[PDB]
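> PDB entry and its sequence, pasted below:
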Amino acid sequence: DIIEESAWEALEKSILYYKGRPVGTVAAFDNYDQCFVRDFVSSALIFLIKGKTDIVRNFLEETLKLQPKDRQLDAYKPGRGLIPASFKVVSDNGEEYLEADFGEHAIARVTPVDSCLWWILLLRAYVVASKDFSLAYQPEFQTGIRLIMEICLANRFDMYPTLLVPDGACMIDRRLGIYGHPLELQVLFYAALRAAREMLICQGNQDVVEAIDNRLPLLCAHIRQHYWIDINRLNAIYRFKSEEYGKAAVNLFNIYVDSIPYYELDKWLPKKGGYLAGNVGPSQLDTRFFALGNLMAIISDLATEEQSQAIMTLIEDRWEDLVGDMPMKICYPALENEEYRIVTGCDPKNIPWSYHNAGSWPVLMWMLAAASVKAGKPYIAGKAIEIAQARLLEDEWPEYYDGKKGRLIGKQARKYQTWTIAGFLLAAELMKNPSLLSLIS
Amino acid sequence: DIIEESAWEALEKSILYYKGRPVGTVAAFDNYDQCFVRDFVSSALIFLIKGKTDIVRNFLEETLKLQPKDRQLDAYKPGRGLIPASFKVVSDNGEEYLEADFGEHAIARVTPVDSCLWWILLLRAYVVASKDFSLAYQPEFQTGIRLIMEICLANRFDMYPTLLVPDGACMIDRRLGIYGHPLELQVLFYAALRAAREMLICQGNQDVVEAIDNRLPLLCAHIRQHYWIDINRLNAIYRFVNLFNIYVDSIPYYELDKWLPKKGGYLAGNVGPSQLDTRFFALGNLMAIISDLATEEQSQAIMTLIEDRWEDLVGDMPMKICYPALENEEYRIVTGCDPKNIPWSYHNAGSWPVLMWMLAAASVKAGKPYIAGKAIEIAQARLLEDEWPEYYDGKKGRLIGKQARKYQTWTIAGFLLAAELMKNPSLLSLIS
Ligand SMILES: OC[C@H]1O[C@@](CO)(O[C@H]2O[C@H](CO)[C@@H](O)[C@H](O)[C@H]2O)[C@@H](O)[C@@H]1O
Ligand SMILES: OC[C@H]1O[C@@](CO)(O[C@H]2O[C@H](CO)[C@@H](O)[C@H](O)[C@H]2O)[C@@H](O)[C@@H]1O
């Protein structure tokens, strides 16, 4: 009805032009010249679906040129192979050019890792939508893919098959205790490894293609075995006799059982529910539920079929906790009290049930839809869309919502947030046509 | 004297042999075949002081061979350029060989970063003691230094001049909230940068030598500005443009104001976006004085703090590895309820006699050797009696550590080294 029409009209106005050609979308239409890579994913997929592919092509070509190609030994300059979080059009010189934001002057001088992984997934989306892999096989694209894989695969100090990162290195780009091996990045890493293997010419690239082939099954089993939480699993951990000869090594990360909030999880988890943990590392298990990681795990077949149904069962049965009045919680539960202070450093923006700290993010509804369709329960997404439809247009498409139920328009939420609009539309498109999953799986 | 002679005898026994020549010392003499790089530092320095340099030369050569030379894309294999935390002699096969431990089957599959930085500092110590840079100028050693500098300098995701690391990546090799930019590693990185600049030939190493020269003053200024804690700084945080957004509610600011003397201060345990770790870490602060990372005024202010809060930082056993202990929710959240690191035990503000040598070195450097003198007198009163334990527990370090090994080599070496540095201040040239 009028809701979808208004969304389309809004999405159109968000398009960003460079040298007269569309090169992405702005984060929120009112800088006026700023495209975020992660934000562009939902817009991009819509445009692909609607056959307007040139915007995506131009985005991929332009961002590829922004990727640092050489090893970087100097402070405050981006690491080799990274994709910037955002870029903008600088019209101030006689001629237009693009300026990358790698975070060099940001409040955290960290380059988020998700952008380069989404870039690969977008590249695959484009070639599948175009029914033509030619772009990907061009030498500059082979190089781009290869460099991203190298920085992700190469071991530095940490040798787990997962990707080790500083805090605030993904969609959650502030301090939320997601340093280490956060789920979001491992899941994207897995999906990107799969996508890169489909598009890389193996000849000449033997080292990297081999490393990709070696990493995929190790990373899959690692995540399935060491991130999976359900009631059976938690009880098995508690009864596990670690002192017995040869059983210590089973507890790979040397998790101490006393650290797990059993009472609260036992209560929260449905009988047949479960999910992948937010983070796992030495003496570290973050039992927060993170939506993006869990939903993307379903979409990429990282989660087993049984795990996927368990995740969907959790979402259905704890619908009020995870969706409430606005799909959906970025994570659950909130860090509060002492834990909030220690983990976030008292970040004012990240107070309990706000923003990154278990705020509700409409954009996540596109992945909820994709996952629901993939899991054969598309009615779950339908229900989420109905809830969103009730308030998004009236509220002028906010970036996020706050509170345990997502009742409040986010404390500092921008209006006409593009991924809120695109997330909404994309969810609806995936419902109408489940076969569109092939763009992202 | 008698006590030194007694320590010396214990130290001689800890020597590890490989193919009939000394290649290091074991961590605690009774594995019987195992040498830890960081533990060996105090042993090595004593041996250098005593003119027994071949053990250190052999140690350096053999650990250099254990360094991975190429890029590593496989899981559970060590990163390029790293030095293993420890090695052991396997005499089980026909002919003895060395086996590196990079943490591949450890409870934390993380290769500690401090080992490679100590290796650089030991190399310099050796060529200074030998008055000959020949060993360091050999191509394989030039390569060794370059690789270490490359892996530390190279930005991955984090672009600060500091070194970004996982938790448990140094002497504290368990989870203690020292992920990010912990002081210990920043100070050792700084110290290793200085030593690498002094030993790397510019020709053939142009990119890395320039990057070292650029990083040095930037890292120096970064630490001096952003890690420094004193009354004035706390008030500035309270009144907060700045590089780091630090929110004052995140730190115990009224408590710190009370703890700090007027002319006291120290370098913070960790600094990052929305992160200021106000714990005092001893190794980091003492090595910062020794390496001239801390300014003269900061050095005196650290010494003023140690004197004035002696009961807290030294107590009955010099000296606390950090202060204060993580307790209550902080302990549970930060350590993951690690039973070994309970408050006032082991890494969690336990008392580690090894730190004595750095207290001595820093005290001499700051022209206040009587500070180390007082610590030595206390340590002397208990270490020989207790047979050189690894660590002590309790708010005042009164208890022998529950799992402390006796005849812990760096406790013995640390004590002797402290005494040597007191007798001969110019020996500081070995470590700075
Ligand atoms: O308002 C943009 C500003 O917010 C930050 C900090 O959270 O990032 C947020 O906004 C981005 C653009 O919409 C999102 O991609 C990101 O997930 C979200 O955290 C800053 O990074 C950015 O400068
Ligand atoms: O007993 C050796 C065993 O102890 C650990 C515990 O973390 O490390 C400690 O002992 C090492 C050897 O003396 C020290 O170098 C280290 O600083 C200390 O934490 C294990 O890593 C090691 O396997």
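Noted; the coordinates are in hand. Residues are numbered from 1 along each chain as shown, chains lettered A, B, ... in the order given. Ligands and ions are numbered 1, 2, ... in the order given.

> what are the ranges of the helices in the stretch 101-250 of chain A?
A:114-129, A:134-137, A:139-153, A:183-199, A:206-226, A:231-239 (DSSP state H, counting those that start in this stretch).

> Double-check that residue A:22 belongs to a strand.
Yes. Under DSSP: H, G, I helix; E, B strand; the rest coil, residue A:22 sits within a strand.

> how near is it to chain B?
30 Å (C-beta to the nearest C-beta, to the nearest Å). For every residue, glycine as well, the C-beta is placed using N, CA and C.

> Ok, residue A:46 next?
29 Å.

> give me the residue from the stretch 201-350 of chain A nearest ligand 1.
Proximity of the stretch 201-350 of chain A to ligand 1 (C-beta to the nearest ligand atom) peaks at residue A:349, 7.2 Å away.

> List the contacts of that residue.
A:174, A:355-356, A:411-412 (C-beta atoms under 8 Å, 6 or more residues apart in numbering or on different chains).

> Restrict these to the buried ones and give me that as a PyMOL selection.
For the buried members of those, the matching PyMOL selection, counting by 16 or more other C-beta atoms under 10 Å in any protein chain shown, is:
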select buried, chain A and resi 174+355+356
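
> returning to what we had before: which of the helices of the stretch 101-250 of chain A sits closest to residue A:71?
Closest approach to residue A:71 among these (C-beta to C-beta): helix A:139-153, 9.9 Å.

> tilt between that closest one and helix A:206-226?
40 degrees (axes from the mean of the first three to the mean of the last three C-alpha atoms, to 10 degrees).

> Check which helices and strands helix A:139-153 sits against.
helix A:54-66, helix A:114-129, helix A:134-137, helix A:183-199, helix A:206-226 (3 or more C-beta pairs under 8 Å, 6 or more residues apart in numbering or on different chains; DSSP states H and E).

> Residue A:93 is nearest to which of the ones you listed?
helix A:54-66 (16.3 Å).

> Check the stretch 301-441 of chain A for the residue nearest ligand 2 and tell me.
residue A:342 (22.8 Å).

> Buried residues in the helix or strand encompassing that residue, which are they?
In the assignment (DSSP states H and E), residue A:342 maps to helix A:337-344. For helix A:337-344, the neighbour count (16+ other C-beta under 10 Å) marks A:339-344 as buried.

> Tell me what angle it forms with helix B:328-335.
Put simply, helix A:337-344 runs at 30 degrees to helix B:328-335, going by the same axes, to 10 degrees.

> Quickly check: helix A:337-344 near ligand 1 or not.
No. Contact of helix A:337-344 with ligand 1 is not found when judged by C-beta under 6 Å from any ligand atom; the minimum separation is 12.5 Å.

> Next secondary structure after that helix?
Scanning onward from helix A:337-344 (DSSP H and E), the first element met is helix A:365-374.

> Check which helices and strands that next one is in contact with.
Using 3+ C-beta pairs under 8 Å, 6+ apart: helix A:365-374 touches helix A:291-299, helix A:305-317, helix A:379-391, helix A:418-432.

> now those in JSON lines, with mean neighbour count?
Output for these, formatted as JSON lines (neighbours: other C-beta atoms under 10 Å in any protein chain shown):
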{"stretch": "helix A:291-299", "mean neighbour count": "27"}
{"stretch": "helix A:305-317", "mean neighbour count": "20"}
{"stretch": "helix A:379-391", "mean neighbour count": "17"}
{"stretch": "helix A:418-432", "mean neighbour count": "25"}
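
> Just give the nearest non-adjacent residue to residue A:2, would you?
residue A:393 (7.5 Å; C-beta to C-beta, 6 or more residues apart in numbering or on different chains).

> Next, count neighbours for residue A:225.
If you count neighbours by other C-beta atoms under 10 Å in any protein chain shown, residue A:225 ends up with 11.

> How about residue A:85?
Neighbour tally, residue A:85, other C-beta under 10 Å: 22.

> do residue A:49 as well
Count around residue A:49 with other C-beta under 10 Å applied: 18.

> residues from the stretch 151-300 of chain A in reach of chain B?
Residues of the stretch 151-300 of chain A lying near chain B by C-beta under 8 Å from any C-beta of the partner chain: A:151, A:153-161, A:164-169, A:174-175, A:179-180, A:207-208, A:211, A:214-215, A:218, A:249, A:253-256, A:258-259, A:281-285.

> I meant the stretch 301-441 of chain A, not that one.
Residues of the stretch 301-441 of chain A lying near chain B (C-beta under 8 Å from any C-beta): A:338-339, A:341-348.

> of all the contacts of residue A:349, which two lie farthest apart?
A:174 and A:411 (14.0 Å).

> who touches both of those two?
By C-beta under 8 Å, 6+ apart, residue A:174 and residue A:411 have these common neighbours: A:349, A:355.

> Relative to ligand 2, how far out is residue A:268?
34 Å (C-beta to the nearest ligand atom, to the nearest Å).

> any idea how far the closest residue in space to residue A:183 that isn't next to it in sequence is from chain B?
Once flanking residues are discounted, residue A:183 sits nearest to residue A:293: 3.4 Å by C-beta to C-beta, 6+ apart. Using C-beta to the nearest C-beta, one gets 18 Å for the distance from residue A:293 to chain B.

> same thing with residue A:147?
The spacing between residue A:147 and chain B, counted by C-beta to the nearest C-beta, is 13 Å.

> Isn't residue A:62 up against residue A:89?
No. The criterion here is C-beta atoms under 8 Å, and residue A:62 misses it with residue A:89 at 9.9 Å.

> Return every residue with contacts to both of the two.
Joint contacts of residue A:62 and residue A:89 (C-beta under 8 Å, 6+ apart) are A:18, A:23, A:98.

> Can you tell me which of those residues has the most neighbours?
Counting by other C-beta under 10 Å, top hit in the shared contacts of residue A:62 and residue A:89: residue A:23 with 24 neighbours.

> Skipping its backbone neighbours, what lies nearest that residue in space?
With C-beta to C-beta, 6+ apart, the residue lying closest to residue A:23 is residue A:58, at 4.8 Å.
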